[PDB]
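Below are the chains, spelled out letter by letter.
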Amino acid sequence: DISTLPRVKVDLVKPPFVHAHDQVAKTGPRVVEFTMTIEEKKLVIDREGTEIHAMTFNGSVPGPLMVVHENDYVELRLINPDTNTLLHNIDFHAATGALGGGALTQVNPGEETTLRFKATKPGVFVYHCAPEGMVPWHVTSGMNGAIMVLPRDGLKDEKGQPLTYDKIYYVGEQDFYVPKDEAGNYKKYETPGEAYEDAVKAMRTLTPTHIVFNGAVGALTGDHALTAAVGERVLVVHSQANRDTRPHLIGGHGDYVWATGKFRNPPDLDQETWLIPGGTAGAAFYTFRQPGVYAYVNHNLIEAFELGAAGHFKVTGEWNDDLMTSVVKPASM
Amino acid sequence: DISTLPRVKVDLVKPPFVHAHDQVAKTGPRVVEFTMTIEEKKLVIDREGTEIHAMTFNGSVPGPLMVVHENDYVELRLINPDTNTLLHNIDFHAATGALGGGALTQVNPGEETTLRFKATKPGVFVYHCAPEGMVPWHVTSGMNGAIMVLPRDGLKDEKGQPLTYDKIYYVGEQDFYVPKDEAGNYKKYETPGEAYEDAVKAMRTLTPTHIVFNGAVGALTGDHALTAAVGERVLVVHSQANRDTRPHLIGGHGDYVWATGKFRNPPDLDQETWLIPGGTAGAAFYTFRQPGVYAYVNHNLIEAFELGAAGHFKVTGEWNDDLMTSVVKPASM
Amino acid sequence: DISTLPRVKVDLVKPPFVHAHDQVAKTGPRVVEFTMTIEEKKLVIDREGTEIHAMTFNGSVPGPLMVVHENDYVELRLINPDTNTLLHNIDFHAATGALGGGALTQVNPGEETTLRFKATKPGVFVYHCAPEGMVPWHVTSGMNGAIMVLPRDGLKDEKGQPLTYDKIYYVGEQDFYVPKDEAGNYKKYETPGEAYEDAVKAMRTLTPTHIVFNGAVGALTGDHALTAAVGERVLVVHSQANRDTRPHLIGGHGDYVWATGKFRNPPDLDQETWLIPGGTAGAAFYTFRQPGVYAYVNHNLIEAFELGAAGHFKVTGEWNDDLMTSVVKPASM
Ligand SMILES: [Cu+2]
Ligand SMILES: [Cu+2]
Ligand SMILES: [Cu+2]
Ligand SMILES: [Cu+2]
Ligand SMILES: [Cu+2]
Ligand SMILES: [Cu+2]
């Protein structure tokens, strides 16, 4: 049966970008093959040069977004090069059985493995590393991403009418717990293992030191702001593998939102802010109507503006005065 | 076009009360004009006399609830008197473009401005001050409120049948982060700026020192409890501009609840407790069936009973023994 | 009227098990009688022997799950034996009036009382102790449980088709705040009152020291793991009386989920993780398709793996290679 199915190999791209795919399936079920290489590496996460030992899927935080269609088979080749120091694995919330695949994918440095699973449920799901005994440590070190399982006939609104996006971006939100000395300065370590004991004590406080989008404070700002034009329909996939978040587009809305990200449910309309539970991926669809800069944020404003959970959208086009206008510009009373 | 539309000026009232309005629109689209004056002031928030420098819209925490209808134009005159010390602005989650209006409304003490925007989406939305660089500081100092955009044909249940309320109250929940000395005593400052540096360190802990309704511990209790009678339909609008909350009516329920507050979505039925994400306004409809005192609370009971997030409802009418009755009064076994 | 109704006495069972009942009602409305005895007792909650003074309904944390049908009358006999030291009461989120029954059930040691209320709304609700002035202290000491009010015609899916479970388990999640000395070691007390002053300071930090299922770290693991077989439909009721949680079945899904637990609302489909607000009970239905061990967790992984919020399911049956298969077992590259 599977033997007889067609197979296509897909090369992943770095977040916030997403690999090429079809919204409405043009072929029947296929075996979609992906390859990911584990990369343990130092990463500076803020302006002051705070550095951590990140554990990544394909060298990025978050790992890349995989896109398949309902009932396709996902075949993943997972490589943990001998240059790494730790055992890793992968658990797909999209899969059924063996702890999401975690129990079948344990690879020590120098090993690899190939897992195949059927994508039976449509929606956006989280995938993350989950080694027995050190699950939270690998997850909060950036070892998580997401997979989107699109219905074979694309997205639909509450009335069952088609929703087609022109652009799609993937925003992975990460809570970090950097160990601190007595005065409050962040510690630095030589290897991941040296950090272990302190990492556990930092996590138990339940208070992140940094909460960032795309691995660093300001990663999606300035020259890295997301782009769009007035009239474009944009799908924004957002995931949080460990902690709740409440996304919000400042100056816009979520026209159609699947906060818990499962496509068989009708979306919520006209959201100002929505809650994505830790351990979940959600998706929001919006059509831009005004040009300018928009701030995309986690709406606990301390987490957004003090801790790092803030990004930008720069949109081009003509301003619509009917929607909004400054009647009297700021001036002395 | 707008030139030709009718205009009505509306005078706002202090929370928990709401200005007069029509549920079902009796006229066509109009330009609804409001005026708000910024007021920086000292406020004692608890029983022990803890005082803070609050930043308010119209002298209240939360700012007043504005009520308009879908497709009306909101025209707001914002005044920042020379007696204030800081730059302020306003961002409406109900608006589209220019950061909700924040980029078009920056006024220094002694200035004013007039913004107009089209209320294209029905629901309850949060509005708050958001000056570049000090967003969380102004929000957590009490500078936020809410606006309700009613469908032109009023509220409806899941089956599309009319829902008419007899009374409406606005509950604004506020998380405060008062700086403390080494022993745990709250600090006091002369002006807002003197508090700044310490305020930022207090906010970064992510742990509020006070979480109150209507600006103070016990503000909606005793002689200030909300009132109703058995048989009355009450709509309770609740907003939290920065942090999640989980409202609950002790002794009652939320018969119809729009937790994320957007009216084009059908409401949830028979809720015991519901989650309102930080940065959102929600609404719950309930018909009183028993008289007596009801406690309206944030259901994290530590936040409610230790931190200040608790209010009362005193309802008049006849007791219904079918619904509830004490069969055997408390007595010695 | 009530005089003329039939009455049945029901003996409760210890969580995670649930007393015998009918899904679809076979008789008309009845008076369902229950008896609960309050038990103040020492409980060791972790591996290191940390001990607390738990306040329980029927000797368990959480208290037992009561199951009735819509429009039945619940008659509860509450006994507070002279061996206890504190005043207690009970508030049912399922009831209407008198603070959920809290104002009608205040019993000092040596007293008892009988309350009756009509179960007018279908769903799973939380019930908990709530004495004026010490509400959070009794709740976070384990004094809470849940009651399920089933529609007279059983459970239904989004299309109104019947959902019948073969097994049902009750998971009560509890956040504990154990007082600590300067070095971080947990304190020990002789009686509940001796703990009081310190308990309040510990709660105000808003950071639990332990978050457990069924009263202790590892309570639902090893020989106490929940059981099922491939093909069985299982209903998992989960409650959190004070704090938000985000349940997740590792290796599975929530096929039908009522996150806020009210049955008149259609369930959410294919959830990976769902949010249950503090002060709420929810229910998830799932059909097992793969055998093996599944971890049932609160998806804030620090709370699950470091703090104690983790349990197991051991499922028997044949492995399905179509759903998942290891193509290449872990081996040297
Ligand atoms: Cu790993
Ligand atoms: Cu997971
Ligand atoms: Cu301001
Ligand atoms: Cu905002
Ligand atoms: Cu008690
Ligand atoms: Cu309660």
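As summarised from the PDB record, the model derives from X-ray crystallography at a stated resolution of 1.9 Å.

Per the PDB entry, chain A is named NITRITE REDUCTASE, and its organism is Achromobacter cycloclastes. The title assigned to this entry in its PDB record is "THE STRUCTURE OF CU-NITRITE REDUCTASE FROM ACHROMOBACTER CYCLOCLASTES AT FIVE PH VALUES, WITH NITRITE BOUND AND WITH TYPE II CU DEPLETED". Listed in UniProt under the heading Subunit, the comment for chain A reads: "Homotrimer." Heading Subcellular location of the UniProt record for chain A holds this comment: "Periplasm".

(A) Spatial organisation of the coordination of the copper ion (ligand 1). Residue and element names in this part refer to chain A. Note on the copper ion (ligand 1): its protein donors are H88 (ND1), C129 (SG), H138 (ND1) and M143 (SD). The metal-donor distances range over 2.0 to 2.6 Å. With 4 donor atoms in place around the copper ion (ligand 1) and angles of 88 to 133° between them, the coordination shape is tetrahedral. Each donor residue of the copper ion (ligand 1) belongs to the same chain, with the gaps between them written as H-x40-C-x8-H-x4-M. Taken together, the positions of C129 in the loop between β8 (123-128) and α1 (135-139) and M143 in the loop between α1 and β9 (144-150) put the pair 14 residues apart, joining distant regions of the chain. The buried category is assigned to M143, whose relative accessible area is 0%.

(B) Representation of the sheet that holds strand β4 (residues 65-69) of chain B within the structure. All names here are of chain B. Within the open sheet, the 4 strands sit side by side as β4-β9-β8-β6. Their pairing is mixed. Each of the sheet's edge strands pairs with one partner strand only, and the pair in question is β4 and β6 (91-92). Both β6 and strand β8 (residues 123-128) contribute to a ladder of 2 bridges, which runs antiparallel. Bridge pairing in β8 places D91 opposite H128.

(C) View of the coordination of the copper ion (ligand 4). For the copper ion (ligand 4), the full set of protein donor atoms is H299 of chain A (NE2), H93 of chain B (NE2) and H128 of chain B (NE2), and the range of their distances to it is 2.0 to 2.2 Å. Linking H299 of chain A in the loop between β20 (292-298) and α3 (301-305) with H93 of chain B in the loop between β6 and β7 (111-118), this pair reaches from one chain into another. Just as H299 of chain A is buried, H93 of chain B falls in that class too.

(D) Structural view of the interface of chain A and chain B. Each partner contributes to the interface: chain A provides 45 residues, whereas chain B provides 58 residues. Of the roughly 4200 Å² buried where chain A meets chain B, counting both sides, 55% is carbon and sulfur surface. A per-residue breakdown of the area chain A buries against chain B is headed by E272, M324 and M333 of chain A, which together make up 17% of the total. On the surface where chain A and chain B come into contact, there are 7 salt bridges. Taking the shortest distance from any N to any O, the salt bridge between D244 of chain B and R246 of chain A comes out at 2.9 Å. Counting across the interface, chain A meets chain B through 26 residue pairs in polar contact. Every element with two or more residues in the side of chain A that touches chain B is listed here: β16 (247-250), β18 (268-271), β20, α3 and β22 (324-332) of chain A. Ranked by the residues each element gives to the side of chain A that touches chain B, the list is headed by β22 of chain A, at 9 residues. Residue composition of the side of chain A that touches chain B, by class: 21 nonpolar, 12 polar and 12 charged. Two elements, β22 of chain A and β7 of chain B, share 6 bridges in a ladder whose sense is antiparallel. From the neighbouring strand, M324 of chain A faces β7 of chain B, where its bridge partner is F117 of chain B.

Calculation criteria
- Residues numbered from 1 in each chain as written, not as in the entry; some residues may be left out.
- Chains lettered and ligands numbered in written order.
- Heavy atoms only, no water.
- UniProt positions renumbered as here; feature names shortened; annotations may be inferred.
- Donors = N, O, S within 2.8 Å, 3.2 Å for Na, K, Ca; no water.
- Tetrahedral: all angles 85-135°; square planar, octahedral: opposite > 155°, others 65-115°.
- Helix = DSSP H or I, 4+ residues; strand = E, 2+ residues; numbered from the N terminus.
- Buried < 20%, exposed > 50% of the residue type's maximum accessible area, 1.4 Å probe, protein only.
- Pairing = 2+ DSSP bridges.
- Contact = heavy atoms within 4.5 Å.
- Buried area = accessible area lost by both parts, 1.4 Å probe.
- Salt bridge = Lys/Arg side-chain N within 4 Å of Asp/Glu carboxyl O.
- Polar contact = N/O pair within 3.5 Å; in protein donor to acceptor, adjacent residues only side chain to side chain.
- Nonpolar A, V, L, I, M, F, W, Y, C, P; charged D, E, K, R; others polar.

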